[PDB]
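Residue strings, one per chain:
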Amino acid sequence: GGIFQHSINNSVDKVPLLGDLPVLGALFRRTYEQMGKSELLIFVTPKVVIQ
Amino acid sequence: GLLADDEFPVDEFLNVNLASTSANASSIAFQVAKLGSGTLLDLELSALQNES
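Going by the header, the method for this PDB entry is cryo-EM, and the resolution given is 2.7 Å.

Looking at the overall build of chain A
A tally of helices and strands in chain A yields zero helices and two strands. Relative to the 2.2 N^0.38 estimate, which gives 10 Å for 51 residues, the radius of gyration of chain A is 24 Å and therefore markedly larger than a compact globule would have. In terms of principal-axis extent, the alpha carbons of chain A reach across some 80 × 15 × 10 Å. Counting across all 51 residues of chain A, residues that qualify as buried make up 10%. Partitioning the contacts of chain A with sequence separation of at least 6, the portion at a separation of at least 24 is 55%. For chain A, the exposed surface amounts to about 5,000 Å²; the carbon and sulfur share of it is 62%.

A word on the interface of chain B and chain A
Taken together, the contact pairs eight residues of chain B with eight residues of chain A. Buried surface at the junction of chain B and chain A, both sides included, amounts to about 640 Å², of which 46% is carbon and sulfur. By the criterion of area lost to chain A, the three top residues of chain B are B:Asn24, B:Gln49 and B:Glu51, representing 58% of everything that side buries. Across the contact surface, chain B and chain A share zero salt bridges. Across the chain B-chain A interface, the total number found is three residue pairs in polar contact. If you tally residues by element for the side of chain B that touches chain A, the top one is strand 3 (residues 49–51) of chain B, at three residues. Its residues assigned to classes, the side of chain B that touches chain A comprises two nonpolar, five polar and one charged. Pairing of strand 1 (residues 2–14) of chain A with strand 3 of chain B involves three bridges; the strand directions are antiparallel. By the bridge assignment for strand 3 of chain B, A:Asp13 is matched with B:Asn50.

Brief notes about the pairing of strand 1 of chain A
Note: strand 1 of chain A against strand 2 (residues 29–41) of chain A, 13 bridges, orientation antiparallel. Counterpart to A:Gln5 in the pairing with strand 2 of chain A is A:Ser38.

Description of a nonpolar patch on the surface
Residues and elements named next belong to chain A. On the surface, a cluster of nonpolar side chains totalling about 510 Å² of accessible area is made up of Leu-18, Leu-21, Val-23, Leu-24 and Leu-27. Tracing the sequence through the fold places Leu-18 in the loop between strand 1 and strand 2. Look at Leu-18 and you get partly exposed, because its relative accessible area is 34%.

Describing the packing of aromatic side chains
For any two aromatic rings, the description comes down to two numbers: the centre-to-centre distance and the angle of the planes. One pass over the full model with this rule turns up one aromatic pair over all chains. On the basis of an interplanar angle of 45 degrees and a centroid distance of 5.7 Å, the ring pair of B:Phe8 and B:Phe13 is categorised as tilted.

Conventions adopted
Residues numbered from 1 in each chain as written, not as in the entry; some residues may be left out. Chains lettered and ligands numbered in written order. Part of a larger assembly, values for the part shown. Heavy atoms only, no water. Helix = DSSP H or I, 4+ residues; strand = E, 2+ residues; numbered from the N terminus. Rg over C-alpha atoms; globule rule 2.2 N^0.38 Å. Buried < 20%, exposed > 50% of the residue type's maximum accessible area, 1.4 Å probe, protein only. Contact = heavy atoms within 4.5 Å. Areas by Shrake-Rupley, 256 points an atom, 1.4 Å probe, with all protein chains shown as cover. Buried area = accessible area lost by both parts, 1.4 Å probe. Salt bridge = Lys/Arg side-chain N within 4 Å of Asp/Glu carboxyl O. Polar contact = N/O pair within 3.5 Å; in protein donor to acceptor, adjacent residues only side chain to side chain. Nonpolar A, V, L, I, M, F, W, Y, C, P; charged D, E, K, R; others polar. Pairing = 2+ DSSP bridges. Patch = residues over 30% accessible without salt bridge, like charges linked within 9 Å, V, L, I, M, F, W, Y side chains within 5 Å. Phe/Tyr/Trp six-rings, centres within 6.5 Å; stacked < 30°, edge-to-face > 60°.

Next up, the structure:
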């Protein structure tokens, strides 16, 4: 078996009209972004001892 | 001359007090102060808009 996980977060807080201007907008907003990924696996292997 | 304590009544001064109540709100404020004829007037705007 195994388990797989993934997650993504984005967020913005800005000034109602200025934080959207094409190049100047970056002066009127804070931007946050995060991404995570995880993976777990379990294996098994038997063998008969042939002396 | 009537009241005793006089530095400024910042809370008794304001007529309309409806400020945007948040921690990330942005504002801007304009003033006209004479102090010769006495007149004073203040005006501040504040806003916020976020998304997630």
